[PDB]
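S.K.: Sharing a structure here in structure tokens format.
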Amino acid sequence: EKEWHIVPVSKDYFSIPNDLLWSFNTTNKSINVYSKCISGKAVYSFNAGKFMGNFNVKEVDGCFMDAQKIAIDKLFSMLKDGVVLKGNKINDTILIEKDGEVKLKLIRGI
Ligand SMILES: CCCCCCCCCCC
């Protein structure tokens with residue numbers, strides 16, 4: 001099982017809260033997201049570099065700034081619609097791509 005955090009690349013995501021942690025379990029195939037104010041377990045598909053998932057999110061009222069909420073909302077909407085994941089053979093960083101651009105990167109670790 002590995003975990004990552006986001007480093008946003010697109011401005012839609014500059015306000016994403018920093019404590020979101022994304023986990024993938026290689027044994028049972030589970031994907032979760034965890035933070036102080038959001039949780040979600042993914043129903044998902046990942047084929048040919050294309051990832052799409054529904055995280056069934058819970059969110060704490062009043063915990064986020066308006067800008068953070070919009071960024072979070074947009075992120076889960078984008079993940080549902082589908083993104084392309086670009087890994088590499090050097091380390092565990094993954095670029096998340098959509099609509100001709102890099103939207104964000106996943107950096108391994110908390
Ligand atoms: C090998 C699959 C690892 C990808 C898990 C991350 C879920 C995609 C959402 C990123 C915010």
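Each chain in the structure tokens gets a letter, A, B, ..., in the order shown, and its residues are numbered from 1; ligands are numbered from 1 in order too.
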If you count only C-alpha atoms and all ligand atoms, which residues end up within 7 Å of ligand 1, as a PyMOL selection string?
M.R.: chain A and resi 6+22-24+31+51+79+106
S.K.: Could you pull out the alpha helix (DSSP H) residues of chain A, going by DSSP on the backbone, and write them as a PyMOL selection string?
M.R.: chain A and resi 66-81
S.K.: Near residue 33 in chain A, within 9 Å and counting only C-alpha atoms, which residues show up once chain neighbours fewer than 5 positions away are dropped, as a PyMOL selection string?
M.R.: chain A and resi 20-23+38-42+55+57
S.K.: Could those selected residues go to a file with N, CA and C atoms, as a PDB file, in the first residue's frame?
M.R.:
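And here is the file that came out, result17.pdb:
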```pdb
ATOM      1  N   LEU A  20      -4.975  16.327   2.513  1.00  0.00           N
ATOM      2  CA  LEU A  20      -5.629  15.220   1.836  1.00  0.00           C
ATOM      3  C   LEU A  20      -4.587  14.131   1.577  1.00  0.00           C
ATOM      4  N   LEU A  21      -4.883  12.912   2.019  1.00  0.00           N
ATOM      5  CA  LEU A  21      -3.987  11.792   1.814  1.00  0.00           C
ATOM      6  C   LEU A  21      -4.715  10.716   1.020  1.00  0.00           C
ATOM      7  N   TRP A  22      -4.087  10.243  -0.058  1.00  0.00           N
ATOM      8  CA  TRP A  22      -4.694   9.319  -1.033  1.00  0.00           C
ATOM      9  C   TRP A  22      -3.940   8.010  -0.906  1.00  0.00           C
ATOM     10  N   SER A  23      -4.675   6.920  -0.737  1.00  0.00           N
ATOM     11  CA  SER A  23      -4.035   5.632  -0.497  1.00  0.00           C
ATOM     12  C   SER A  23      -4.569   4.587  -1.466  1.00  0.00           C
ATOM     13  N   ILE A  38     -12.444  15.766   5.352  1.00  0.00           N
ATOM     14  CA  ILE A  38     -12.973  15.003   4.214  1.00  0.00           C
ATOM     15  C   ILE A  38     -12.574  13.539   4.291  1.00  0.00           C
ATOM     16  N   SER A  39     -13.480  12.638   3.955  1.00  0.00           N
ATOM     17  CA  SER A  39     -13.134  11.236   3.808  1.00  0.00           C
ATOM     18  C   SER A  39     -13.870  10.679   2.603  1.00  0.00           C
ATOM     19  N   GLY A  40     -13.346   9.618   2.020  1.00  0.00           N
ATOM     20  CA  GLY A  40     -13.991   8.987   0.875  1.00  0.00           C
ATOM     21  C   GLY A  40     -13.337   7.667   0.533  1.00  0.00           C
ATOM     22  N   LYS A  41     -14.144   6.690   0.132  1.00  0.00           N
ATOM     23  CA  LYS A  41     -13.627   5.422  -0.373  1.00  0.00           C
ATOM     24  C   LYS A  41     -14.084   5.300  -1.822  1.00  0.00           C
ATOM     25  N   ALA A  42     -13.145   5.034  -2.724  1.00  0.00           N
ATOM     26  CA  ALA A  42     -13.420   5.109  -4.157  1.00  0.00           C
ATOM     27  C   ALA A  42     -14.056   3.848  -4.717  1.00  0.00           C
ATOM     28  N   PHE A  55     -15.728   8.896  -5.149  1.00  0.00           N
ATOM     29  CA  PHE A  55     -15.214   8.761  -3.775  1.00  0.00           C
ATOM     30  C   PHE A  55     -16.247   8.801  -2.625  1.00  0.00           C
ATOM     31  N   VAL A  57     -17.929  11.128  -0.950  1.00  0.00           N
ATOM     32  CA  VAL A  57     -17.283  12.037   0.000  1.00  0.00           C
ATOM     33  C   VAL A  57     -18.137  12.473   1.230  1.00  0.00           C
TER      34      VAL A  57
END
```
S.K.: Neighbouring residues of residue 49 in chain A were defined as those with any atom within 6 Å, considering only C-alpha atoms; residues of the same chain fewer than 2 positions away were excluded. Please report them as a PyMOL selection string.
M.R.: chain A and resi 47+84-85
S.K.: Any chance you could export the current selection's N, CA and C atoms as a tab-separated table (two decimals), in the first residue's frame?
M.R.:
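That gives us out.tsv:
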```
chain	number	residue	atom	x	y	z
A	47	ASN	N	-7.59	1.89	-16.37
A	47	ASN	CA	-7.24	1.08	-17.54
A	47	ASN	C	-6.57	1.96	-18.56
A	84	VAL	N	-6.08	11.19	-16.91
A	84	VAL	CA	-4.99	10.28	-17.29
A	84	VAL	C	-3.88	10.35	-16.26
A	85	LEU	N	-3.42	9.19	-15.84
A	85	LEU	CA	-2.32	9.13	-14.88
A	85	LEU	C	-1.02	8.82	-15.62
```
S.K.: Between A:108, A:89, A:80, A:103, which one has atoms that come closest to residue 43 in chain A, using only C-alpha atoms?
M.R.: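 Smallest distance to residue 43 in chain A is found for A:80.
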S.K.: Which polymer residues have any atom within 8 Å of an atom of range 13-18 of chain A, counting only C-alpha atoms, with same-chain residues fewer than 4 positions away left out, as a list in words?
M.R.: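 Using only C-alpha atoms, the neighbours found are residues 5, 6, 8, 9, 67, 68, 69, 71, 72, 75, 103 and 104 of chain A.
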S.K.: Hey, which of A:74, A:105, A:58, A:2 ends up closest to residue 27 in chain A? Count only C-alpha atoms.
M.R.: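 So, comparing all the options, the nearest one is A:2.
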S.K.: Which of range 55-109 of chain A end up as strand (DSSP E) when DSSP is run on this backbone - answer as a list in words?
M.R.: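 Answer for range 55-109 of chain A restricted to strand (DSSP E) is residues 58, 59, 83, 84, 85, 86, 94, 95, 96, 97, 98, 101, 102, 103, 104, 105, 106, 107 and 108 of chain A.
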S.K.: Could you check which of A:94, A:52, A:102, A:65 is closest to residue 82 in chain A, using only C-alpha atoms?
M.R.: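 Closest to residue 82 in chain A of all the choices is A:52.
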S.K.: Under the rule that only C-alpha atoms are counted, which of A:93, A:88, A:77, A:26 is the nearest residue to residue 56 in chain A?
M.R.: A:77
S.K.: What separation in Å, quoted to one decimal, exists between CA of residue 110 in chain A and CA of residue 61 in chain A?
M.R.: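 Those two atoms sit 24.3 Å apart.
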S.K.: CA of residue 66 in chain A to CA of residue 50 in chain A: how many Å, to one decimal?
M.R.: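 Calculated distance between CA of residue 66 in chain A and CA of residue 50 in chain A is 29.9 Å.
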S.K.: Here is a test: counting only C-alpha atoms, which residue of A:4, A:70, A:10, A:29 is nearest to residue 98 in chain A?
M.R.: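 Between A:4, A:70, A:10, A:29, the residue approaching residue 98 in chain A most closely is A:10.
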